[PDB]
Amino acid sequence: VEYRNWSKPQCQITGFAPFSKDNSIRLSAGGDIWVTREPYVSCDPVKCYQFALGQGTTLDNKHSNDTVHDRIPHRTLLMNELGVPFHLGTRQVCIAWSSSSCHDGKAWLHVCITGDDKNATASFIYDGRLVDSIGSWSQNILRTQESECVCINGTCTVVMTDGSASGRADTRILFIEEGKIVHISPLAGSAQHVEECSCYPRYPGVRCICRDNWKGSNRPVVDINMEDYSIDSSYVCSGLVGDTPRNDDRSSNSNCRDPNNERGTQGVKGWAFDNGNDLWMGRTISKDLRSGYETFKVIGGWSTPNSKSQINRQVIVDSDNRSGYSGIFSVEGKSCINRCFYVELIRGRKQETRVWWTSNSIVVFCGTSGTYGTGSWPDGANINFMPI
């Protein structure tokens, strides 16, 4: 086994075709399925696996009630081949309430986070053994990606926040070579917040499309130079914008460098990925609520401010339904590195308060240089059927 160095062109995609759905909630009505959220999928040179954080229980468990809350001791990081539901036979690869995973080529690094909010811990596991540990630095919740990290040559990047969701924060980018952090590099850029970065291998570095829970609703970019550790974090030129809540589609703006301050409040985990001066991206159809999922390409959107030349749309999930988080997902072709992407479809309380638990399914789409039809793939489960 030599290393995963990614030297190879990205694919000139033409849109996305469907790859995987698991029906996690549906089956949850007839089987014992874990309680999840904040999923993501990543793969080694052979199989694509699917992760997510549980709630130390199952859905048809009287326990599950109040799964709305993101952190609790009993939450663990699951793993399965891409395609199997999360069952009583799944493994809790580590304790955590946040994470990131990359396959450096040789084996896995699994950053998993847990502790008190104000003082928590981050175990850096690798190849099964626990290679390192680094604790919270601001004293107000150490959180990470909830997406696949990226490694190149033998060094795995991973961005980390601990600060004030809607406020300033310390963003560091740890460079851990084999479960062992070997160098940390402090954030720099126009980016007024970095959180839930969706990172990918666009050689020689790593580029990140994050979230901004404070003033921006136009994703902040985070570019890592795996070559010298230096950082750079701009903002997206695309005038379209994909974050929720967000202004609209006409008064929606972005100048590639400053929080736009338009419902710049919260956010959601999102992705995007360049191609020349263009921009393949995705977001919720609803711009108030996290419902419906569409994906598209903005001409000029990566190199040019306030763009609006949308083209090649797709209604991945219908706007009458509901989605949630999503992240990019790379996966090296036999000549080019193709990007893929996932979408958790969250069914549960706060919204569908018919039941008291919260969990989620997933749908995933990859890159294609061929045709496709049209459609939308939701969780599609009868909340009047589901237990509780």
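So that there is no doubt, residue numbering starts at 1 and follows the sequence shown.
Visitor: Looking at the entry, does 238 to 246 or 79 to 87 show the higher mean C-alpha B-factor?
Guide: Mean CA B-factor is higher for 238 to 246.
Visitor: Highest mean C-alpha temperature factor of the two stretches 349 to 357 and 61 to 69, which is it?
Guide: Per the PDB entry, the higher value belongs to 349 to 357.
Visitor: Out of 143, 269, 110, 168, which one has a C-alpha B factor higher than all the others in the entry?
Guide: The listed residue with the largest C-alpha B-factor is 168.
Visitor: Among 117, 274, 132, 232, which residue carries the highest C-alpha B-factor recorded in the PDB entry?
Guide: Each of 117, 274, 132, 232 was compared by C-alpha B-factor; the highest is 274.
Visitor: Can you tell me which third, lowest, middle or highest, the CA B-factor of residue 210 falls into for its chain?
Guide: Tercile = lowest for this residue's CA B-factor.
Visitor: For residue 324, return the chain-relative third of its C-alpha B-factor as stated in the PDB record: lowest, middle or highest.
Guide: Its C-alpha B-factor, which the entry lists for residue 324, ranks in the highest third among residues of this chain.
Visitor: Considering only modelled residues of the same chain, in which third does the CA B-factor of residue 11 rank: lowest, middle or highest?
Guide: It falls in the top third of the chain.
Visitor: Lowest, middle or highest third: where is residue 52 by Cα B-factor in its chain?
Guide: It falls in the bottom third of the chain.
Visitor: Using only modelled residues of the chain, where does the Cα B factor of residue 364 rank: lowest third, middle third or highest third?
Guide: Within its chain, residue 364 is a middle-third residue by C-alpha B-factor, going by the deposited values.
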